[PDB]
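Next comes just one chain, in structure tokens: the form deposited in one PDB entry.
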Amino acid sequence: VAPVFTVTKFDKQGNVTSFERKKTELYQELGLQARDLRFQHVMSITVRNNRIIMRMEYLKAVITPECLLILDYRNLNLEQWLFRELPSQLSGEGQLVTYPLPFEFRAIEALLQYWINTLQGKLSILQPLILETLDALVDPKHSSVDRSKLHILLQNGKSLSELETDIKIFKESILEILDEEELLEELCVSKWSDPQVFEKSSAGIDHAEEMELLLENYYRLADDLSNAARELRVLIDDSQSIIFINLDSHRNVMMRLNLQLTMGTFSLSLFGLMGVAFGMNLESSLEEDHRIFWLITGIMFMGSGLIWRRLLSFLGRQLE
């Protein structure tokens, strides 16, 4: 009946243990209040009672000087990352560069690396799709654009805006932590767990400096991602403007050709009316004449041609 957390616990030795714990039991074990683990804010990093609470959207983590906890990890495709890369990164030959540093450094590096890799993967999925859709859409030899490609571009633009917002909030959180030295000092949970021990254990290694360098690295990576996303948005806008110009130019060409054909039709209809005037079954004084028929036909055709040419010249003058 009581709410519970599905907890994946990684020790300092990289051992992984999955279980479920009551919320009050977790609060008692971690020495934290209920309000600390509400996880109400997406992309939030805080330090409460010497414990690091982190949320990156669906990823909720609690870092202790002794262990790491992942909360609500089910039905999120996190199993591969949790049980394949994390043990190796924390307690193996992974790509982490904070192994000699205390456990919290490795934990923060792993979490930030996973989030930055997720953002990079989203961008690397979105970029080729948007690029090829724009290339198809801005093709100058198409009179009209493909509307299914327009729907695809709209969906990809929505996804790109969401990704850009995620990168922005990640950058904001990292920069807020980096700006204040107090937060950087608080992030060093192992240092403050036993200050007397770490007063001599830290043989010239500044934990705050290492944390600052790690956060600066991840902030720079997120800044590069944000720059790429903004460039993609700008390219999308420019491509949309080019598409508008192409459509307007095609419309103008078709309208000019239709206007020329309308001039031809109007001259043809005028001299056709002139001919039909002689086609009505009313007696005239020109039935007996032999050359009048050919004269009328010739002047009719020649006048149609001349009026069409004059109208074309008038159009050329009007369009300048």
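Residue indices: 1-based, along the sequence shown. Here the rigid core means the biggest group of C-alpha atoms that line up within 1.5 Å when the two forms are laid on top of each other.
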- Query: Other compared entries: residue 193 unbuilt in at least a third?
  - Reply: no
- Hey, does residue 157 drop out of the model in a third or more of the other PDB entries compared here? no
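Another form exists, deposited in another entry; not displayed. Remarks below refer to it.
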- Message: Once the core is aligned, does residue 58 move its Cα by at least 2 Å between this form and the one not shown?
- Response: no
- Message: Superposing on the rigid core, is the Cα displacement of residue 280 between this form and the one not shown 2 Å or more?
- Response: yes
